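> This structure is in structure tokens; I'll ask about it shortly.
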Amino acid sequence: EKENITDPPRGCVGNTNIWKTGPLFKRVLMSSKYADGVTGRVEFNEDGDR
Amino acid sequence: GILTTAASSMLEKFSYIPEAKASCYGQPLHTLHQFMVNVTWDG
Amino acid sequence: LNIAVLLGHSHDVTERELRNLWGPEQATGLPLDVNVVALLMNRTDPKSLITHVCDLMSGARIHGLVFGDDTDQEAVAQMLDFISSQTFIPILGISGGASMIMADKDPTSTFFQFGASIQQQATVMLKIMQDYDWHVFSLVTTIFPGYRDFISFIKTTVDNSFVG
Amino acid sequence: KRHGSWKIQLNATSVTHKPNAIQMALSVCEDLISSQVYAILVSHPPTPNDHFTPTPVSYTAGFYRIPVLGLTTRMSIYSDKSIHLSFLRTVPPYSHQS
Ligand SMILES: *[C@@H]1O[C@H](CO)[C@@H](O)[C@H](O)[C@H]1NC(C)=O
Ligand SMILES: *[C@@H]1O[C@H](CO)[C@@H](O)[C@H](O)[C@H]1NC(C)=O
Ligand SMILES: *[C@@H]1O[C@H](CO)[C@@H](O)[C@H](O)[C@H]1NC(C)=O
Ligand SMILES: *[C@@H]1O[C@H](CO)[C@@H](O)[C@H](O)[C@H]1NC(C)=O
Ligand SMILES: *[C@@H]1O[C@H](CO)[C@@H](O)[C@H](O)[C@H]1NC(C)=O
């Protein structure tokens, strides 16, 4: 739902830089609230765990 | 100097310390991990 | 012994003076076969890292590894730690991302950095704060990890401090 | 199925057990850098290497900061996000049992 979405490239050929929205995507994964789950309701804590 | 110091200080104790791995494809006790706790190189 | 010094850098220093940096040295030579492998790498992607490490380990069984860096990619050294988890070779990290502080090493690893831990750096900073008698302070951290060990070390150091 | 009429699609990529961990790292690094995957999951409990090490996958994807989702491993040494730069898991480690 946002702009500034880059792509992690084929890093083996001339790409030593990091992916730019790495921590942004990781923060989206940290802030991912859920209310549906087969094993149960899943939510990430401050340690990124169930 | 640290590497040669550890190798020379352990070589006096045991000789067959260099025990490497041949290659990554197709896959020792006396090691330098716990021996070089101290080191001395030109003071 | 057989030691490979690889430099993934952008600071232009050639490699033959690295051979001369060993050549007239080692006055008391106790090993009888010591070789230097001075290599310069321009791209530090992990495919080429593991490829050159496997080539040098197949390169007449090199027993020593020294790696320097001028970038800010710390996990390469952690990559070397994984190499240190598998190749059973003592690995040294010089500077840049090769020696940025990782938290806990492994008995399965023999990796080492050339730097100061965050605990010893906190000890130096508290020594600085003690030498100016700046006895009142406030500790401010974000949720960037390593903060709990930082707070616990500072509290145990203040509990072992003559300052009050 | 239920995710709108947008043109996005999802391809599957899976690699299996190898007894040699360096060649595990080789299979993971080539087969996932050459594929441009955006999310990587690890589901290998039953290894003869009983140290439970998904470390090369985590380090390789955290080089370019790609998230690795642990699914069965429960060691609290993976909770350090400063070592494992892009590792998360939805299973509790044993320390949370405390
Ligand atoms: C993307 O980044 C640019 C940088 O200038 C910023 O202006 C823009 O607001 C960002 N996109 C969003 C969040 O709409
Ligand atoms: C635990 O299991 C139940 C079903 O027995 C379900 O409500 C959900 O998966 C979990 N709810 C909790 C946390 O009690
Ligand atoms: C270093 O350790 C060795 C082995 O214990 C010992 O023989 C030597 O005296 C030590 N040297 C110094 C100066 O600590
Ligand atoms: C720079 O790196 C490339 C890629 O490995 C290599 O082919 C070339 O020989 C390197 N040049 C130097 C100065 O080592
Ligand atoms: C999807 O991945 C498979 C396995 O690598 C590959 O054979 C296939 O060509 C891919 N298809 C797409 C969407 O490119």
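Following the order of the structure tokens, chains are lettered A, B, ..., residues in each are numbered from 1, and ligands are numbered from 1.
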Could you list the protein, DNA and RNA residues that have any atom within 8 Å of ligand 4, counting only C-alpha atoms and all ligand atoms, and write them as an NGL selection string?
:C and (14 or 39-43 or 48)
> Using the chain letters and numbers from this document, which residues of chain B does DSSP assign to helix (DSSP H, G or I), as an NGL selection string?
:B and (2-11)
> Please give me, as an NGL selection string, the residues lying within 7 Å of ligand 2 when counting only C-alpha atoms and all ligand atoms.
:A and (37-41)
> Grab the residues selected above and save them as a PDB file, in the first residue's frame with N, CA and C atoms.

```
ATOM      1  N   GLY A  37      -5.664 -17.576  12.836  1.00  0.00           N
ATOM      2  CA  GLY A  37      -4.594 -18.546  12.914  1.00  0.00           C
ATOM      3  C   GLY A  37      -5.088 -19.933  13.263  1.00  0.00           C
ATOM      4  N   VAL A  38      -4.506 -20.949  12.626  1.00  0.00           N
ATOM      5  CA  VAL A  38      -4.901 -22.327  12.900  1.00  0.00           C
ATOM      6  C   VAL A  38      -4.372 -22.772  14.258  1.00  0.00           C
ATOM      7  N   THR A  39      -3.081 -22.544  14.509  1.00  0.00           N
ATOM      8  CA  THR A  39      -2.512 -22.889  15.808  1.00  0.00           C
ATOM      9  C   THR A  39      -2.924 -21.891  16.883  1.00  0.00           C
ATOM     10  N   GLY A  40      -3.334 -20.700  16.489  1.00  0.00           N
ATOM     11  CA  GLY A  40      -3.774 -19.695  17.437  1.00  0.00           C
ATOM     12  C   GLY A  40      -3.513 -18.305  16.894  1.00  0.00           C
ATOM     13  N   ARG A  41      -3.900 -17.317  17.697  1.00  0.00           N
ATOM     14  CA  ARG A  41      -3.649 -15.930  17.336  1.00  0.00           C
ATOM     15  C   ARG A  41      -2.166 -15.612  17.466  1.00  0.00           C
TER      16      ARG A  41
END
```
> Counting only C-alpha atoms and all ligand atoms, which protein, DNA or RNA residues come within 10 Å of ligand 3, given as an mmCIF file with C-alpha atoms, in the first residue's frame?

```cif
data_model
loop_
_atom_site.group_PDB
_atom_site.id
_atom_site.type_symbol
_atom_site.label_atom_id
_atom_site.label_comp_id
_atom_site.auth_asym_id
_atom_site.auth_seq_id
_atom_site.Cartn_x
_atom_site.Cartn_y
_atom_site.Cartn_z
ATOM 1 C CA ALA B 6 50.746 -18.857 18.835
ATOM 2 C CA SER B 9 54.482 -21.423 21.172
ATOM 3 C CA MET B 10 52.330 -24.473 20.425
ATOM 4 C CA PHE B 35 46.110 -22.022 23.658
ATOM 5 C CA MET B 36 46.664 -18.382 22.651
ATOM 6 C CA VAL B 37 44.922 -16.881 25.695
ATOM 7 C CA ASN B 38 48.086 -14.818 26.157
ATOM 8 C CA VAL B 39 50.309 -13.432 23.404
ATOM 9 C CA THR B 40 53.426 -11.257 23.273
ATOM 10 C CA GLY B 43 56.222 -6.122 24.136
#
```
> Taking only C-alpha atoms into account, which residues of chain B are within 8 Å of chain C, as an NGL selection string?
:B and (3-4 or 7-8 or 11 or 18-24 or 32-33)
> Could you pull the residues within 9 Å of residue 80 of chain D, counting only C-alpha atoms, minus those fewer than 5 positions along the same chain, as a PDB file with N, CA, C and O atoms, in the first residue's frame?

```pdb
ATOM      1  N   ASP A  47      10.558  -8.837  21.259  1.00  0.00           N
ATOM      2  CA  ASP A  47      11.618  -9.725  20.809  1.00  0.00           C
ATOM      3  C   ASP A  47      11.299 -10.383  19.475  1.00  0.00           C
ATOM      4  O   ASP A  47      12.081 -11.218  19.007  1.00  0.00           O
TER       5      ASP A  47
ATOM      6  N   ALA C 103      27.896 -10.146  19.563  1.00  0.00           N
ATOM      7  CA  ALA C 103      27.610 -10.263  20.991  1.00  0.00           C
ATOM      8  C   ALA C 103      28.316 -11.462  21.616  1.00  0.00           C
ATOM      9  O   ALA C 103      29.166 -11.305  22.500  1.00  0.00           O
ATOM     10  N   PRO C 145      18.723  -3.367  19.528  1.00  0.00           N
ATOM     11  CA  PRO C 145      19.126  -4.458  20.426  1.00  0.00           C
ATOM     12  C   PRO C 145      20.540  -4.285  20.962  1.00  0.00           C
ATOM     13  O   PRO C 145      21.339  -3.478  20.484  1.00  0.00           O
ATOM     14  N   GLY C 146      20.838  -5.080  21.986  1.00  0.00           N
ATOM     15  CA  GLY C 146      22.017  -4.881  22.797  1.00  0.00           C
ATOM     16  C   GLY C 146      21.830  -3.903  23.933  1.00  0.00           C
ATOM     17  O   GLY C 146      22.775  -3.677  24.699  1.00  0.00           O
TER      18      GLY C 146
ATOM     19  N   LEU D  85      20.387 -10.204  11.705  1.00  0.00           N
ATOM     20  CA  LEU D  85      19.850  -8.877  11.415  1.00  0.00           C
ATOM     21  C   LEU D  85      18.402  -8.920  10.945  1.00  0.00           C
ATOM     22  O   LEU D  85      17.662  -7.952  11.148  1.00  0.00           O
ATOM     23  N   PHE D  87      16.094 -11.899  11.338  1.00  0.00           N
ATOM     24  CA  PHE D  87      15.524 -13.177  11.737  1.00  0.00           C
ATOM     25  C   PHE D  87      14.380 -12.955  12.711  1.00  0.00           C
ATOM     26  O   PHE D  87      14.549 -12.285  13.735  1.00  0.00           O
TER      27      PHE D  87
END
```
> So which residues touch residue 19 of chain A within 8 Å, counting only C-alpha atoms, skipping near sequence neighbours fewer than 2 positions away, as an NGL selection string?
(:A and (6-8 or 17 or 21-22)) or (:D and (64-65))
> Quick one: everything within 12 Å of residue 31 of chain A, counting only C-alpha atoms, minus sequence neighbours fewer than 4 positions away in the same chain. Send it as a CSV table (one decimal) with C-alpha atoms, in the first residue's frame.

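Result written to result-v1.csv:
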```
chain,number,residue,atom,x,y,z
A,23,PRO,CA,14.4,-2.3,8.2
A,24,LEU,CA,11.1,-0.8,6.9
A,25,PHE,CA,9.9,-4.2,5.7
A,26,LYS,CA,11.1,-5.7,9.0
A,27,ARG,CA,9.2,-3.1,11.0
A,42,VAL,CA,-0.2,-14.8,16.3
A,43,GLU,CA,1.4,-11.5,17.3
A,44,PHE,CA,5.0,-10.3,17.5
A,45,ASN,CA,6.3,-9.0,20.8
A,46,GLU,CA,9.3,-6.7,21.4
A,47,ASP,CA,11.6,-9.7,20.8
A,48,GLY,CA,9.8,-10.6,17.6
A,49,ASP,CA,8.3,-13.8,19.0
```
> Could I get the residue neighbourhood of ligand 1 at 8 Å, counting only C-alpha atoms and all ligand atoms, as a ChimeraX atom specification?
/A:2-4
> At what distance in Å, to one decimal, does atom CA of residue 28 of chain D lie from atom 14 (O, counted along the ligand's line) of ligand 5?
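These two atoms are separated by 17.8 Å.
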> Give me, as a PyMOL selection string, the residues of chain C touching chain A, with the criterion being at most 7 Å (counting only C-alpha atoms).
chain C and resi 43-45+47
> Given the selection you just returned, output its residues as a file containing C-alpha atoms, formatted as a CSV table (one decimal), in the first residue's frame.

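Contents of the output file out_34.csv:
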```csv
chain,number,residue,atom,x,y,z
C,43,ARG,CA,33.0,-7.0,-4.1
C,44,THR,CA,32.0,-8.5,-0.8
C,45,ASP,CA,28.9,-10.4,-1.8
C,47,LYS,CA,28.7,-15.9,-2.9
```
> Could you list the protein, DNA and RNA residues that have any atom within 9 Å of ligand 5, counting only C-alpha atoms and all ligand atoms, and write them as an MDAnalysis selection string?
chainID D and resid 9:14 31 35
> With N, CA, C and O atoms retained, export the selected residues as a PDB file, in the first residue's frame.

```
ATOM      1  N   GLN D   9       1.332 -12.000  -8.281  1.00  0.00           N
ATOM      2  CA  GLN D   9       1.312 -13.447  -8.142  1.00  0.00           C
ATOM      3  C   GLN D   9       2.471 -13.876  -7.254  1.00  0.00           C
ATOM      4  O   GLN D   9       3.362 -13.087  -6.929  1.00  0.00           O
ATOM      5  N   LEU D  10       2.449 -15.145  -6.857  1.00  0.00           N
ATOM      6  CA  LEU D  10       3.410 -15.686  -5.904  1.00  0.00           C
ATOM      7  C   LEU D  10       3.978 -16.979  -6.464  1.00  0.00           C
ATOM      8  O   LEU D  10       3.223 -17.902  -6.784  1.00  0.00           O
ATOM      9  N   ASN D  11       5.299 -17.048  -6.586  1.00  0.00           N
ATOM     10  CA  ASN D  11       5.938 -18.283  -7.004  1.00  0.00           C
ATOM     11  C   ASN D  11       6.554 -18.983  -5.793  1.00  0.00           C
ATOM     12  O   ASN D  11       6.910 -18.358  -4.792  1.00  0.00           O
ATOM     13  N   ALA D  12       6.680 -20.304  -5.897  1.00  0.00           N
ATOM     14  CA  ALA D  12       7.202 -21.134  -4.820  1.00  0.00           C
ATOM     15  C   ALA D  12       8.626 -21.556  -5.148  1.00  0.00           C
ATOM     16  O   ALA D  12       8.947 -21.830  -6.309  1.00  0.00           O
ATOM     17  N   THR D  13       9.476 -21.602  -4.123  1.00  0.00           N
ATOM     18  CA  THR D  13      10.857 -22.050  -4.260  1.00  0.00           C
ATOM     19  C   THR D  13      11.228 -22.791  -2.987  1.00  0.00           C
ATOM     20  O   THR D  13      11.024 -22.265  -1.890  1.00  0.00           O
ATOM     21  N   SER D  14      11.746 -24.012  -3.126  1.00  0.00           N
ATOM     22  CA  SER D  14      12.038 -24.853  -1.971  1.00  0.00           C
ATOM     23  C   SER D  14      13.315 -25.646  -2.198  1.00  0.00           C
ATOM     24  O   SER D  14      13.507 -26.228  -3.269  1.00  0.00           O
ATOM     25  N   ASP D  31      20.587 -20.285  -4.963  1.00  0.00           N
ATOM     26  CA  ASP D  31      19.214 -20.521  -5.390  1.00  0.00           C
ATOM     27  C   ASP D  31      18.259 -19.443  -4.887  1.00  0.00           C
ATOM     28  O   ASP D  31      17.120 -19.358  -5.359  1.00  0.00           O
ATOM     29  N   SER D  35      17.087 -16.088  -7.594  1.00  0.00           N
ATOM     30  CA  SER D  35      15.640 -16.119  -7.740  1.00  0.00           C
ATOM     31  C   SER D  35      14.954 -14.818  -7.336  1.00  0.00           C
ATOM     32  O   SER D  35      13.791 -14.626  -7.710  1.00  0.00           O
TER      33      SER D  35
END
```
> Report as a PyMOL selection string all protein, DNA and RNA residues lying within 10 Å of segment 131-142 of chain C, evaluated on only C-alpha atoms, omitting residues in the same chain fewer than 5 positions from it.
chain C and resi 125-126+147-148+150-151+154+163-164
> Produce a file of the selected residues containing N, CA and C atoms, as a PDB file, in the first residue's frame.

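So the final result, stored in again_19.pdb, reads:
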```
ATOM      1  N   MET C 125      34.103   4.995  28.717  1.00  0.00           N
ATOM      2  CA  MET C 125      33.231   6.166  28.812  1.00  0.00           C
ATOM      3  C   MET C 125      32.942   6.539  30.262  1.00  0.00           C
ATOM      4  N   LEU C 126      32.756   5.543  31.130  1.00  0.00           N
ATOM      5  CA  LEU C 126      32.566   5.839  32.544  1.00  0.00           C
ATOM      6  C   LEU C 126      33.845   6.345  33.190  1.00  0.00           C
ATOM      7  N   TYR C 147      20.636  -3.326  24.073  1.00  0.00           N
ATOM      8  CA  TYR C 147      20.414  -2.294  25.076  1.00  0.00           C
ATOM      9  C   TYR C 147      20.275  -2.875  26.476  1.00  0.00           C
ATOM     10  N   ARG C 148      19.753  -4.099  26.598  1.00  0.00           N
ATOM     11  CA  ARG C 148      19.567  -4.700  27.916  1.00  0.00           C
ATOM     12  C   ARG C 148      20.902  -5.033  28.570  1.00  0.00           C
ATOM     13  N   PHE C 150      23.629  -3.504  27.865  1.00  0.00           N
ATOM     14  CA  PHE C 150      24.200  -2.183  28.104  1.00  0.00           C
ATOM     15  C   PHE C 150      23.729  -1.615  29.442  1.00  0.00           C
ATOM     16  N   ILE C 151      22.414  -1.670  29.687  1.00  0.00           N
ATOM     17  CA  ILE C 151      21.835  -1.159  30.931  1.00  0.00           C
ATOM     18  C   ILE C 151      22.311  -1.981  32.124  1.00  0.00           C
ATOM     19  N   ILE C 154      25.953  -1.181  32.913  1.00  0.00           N
ATOM     20  CA  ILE C 154      26.099   0.125  33.550  1.00  0.00           C
ATOM     21  C   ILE C 154      25.624   0.083  35.000  1.00  0.00           C
ATOM     22  N   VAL C 163      32.195   6.254  43.277  1.00  0.00           N
ATOM     23  CA  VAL C 163      31.746   7.627  43.077  1.00  0.00           C
ATOM     24  C   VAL C 163      30.517   7.923  43.926  1.00  0.00           C
ATOM     25  N   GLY C 164      29.521   7.049  43.876  1.00  0.00           N
ATOM     26  CA  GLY C 164      28.225   7.403  44.413  1.00  0.00           C
ATOM     27  C   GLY C 164      27.508   8.285  43.417  1.00  0.00           C
TER      28      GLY C 164
END
```
> Considering only C-alpha atoms, return as a list in words whatever protein or nucleic-acid residues lie within 10 Å of residue 123 of chain C, sequence-local ones (same chain, fewer than 5 positions apart) excluded.
residues 117, 118, 128, 129, 153, 154 and 157 of chain C
> Could you please select, counting only C-alpha atoms, the residues of chain D within 12 Å of chain B and state them as a list in words?
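My answer is residues 18, 19, 20, 21, 22, 23, 24, 25 and 26 of chain D.
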> One decimal, Å: what's the distance from atom CA of residue 28 of chain A over to atom CA of residue 8 of chain D, could you say?
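According to the coordinates, atom CA of residue 28 of chain A and atom CA of residue 8 of chain D are separated by 19.0 Å.
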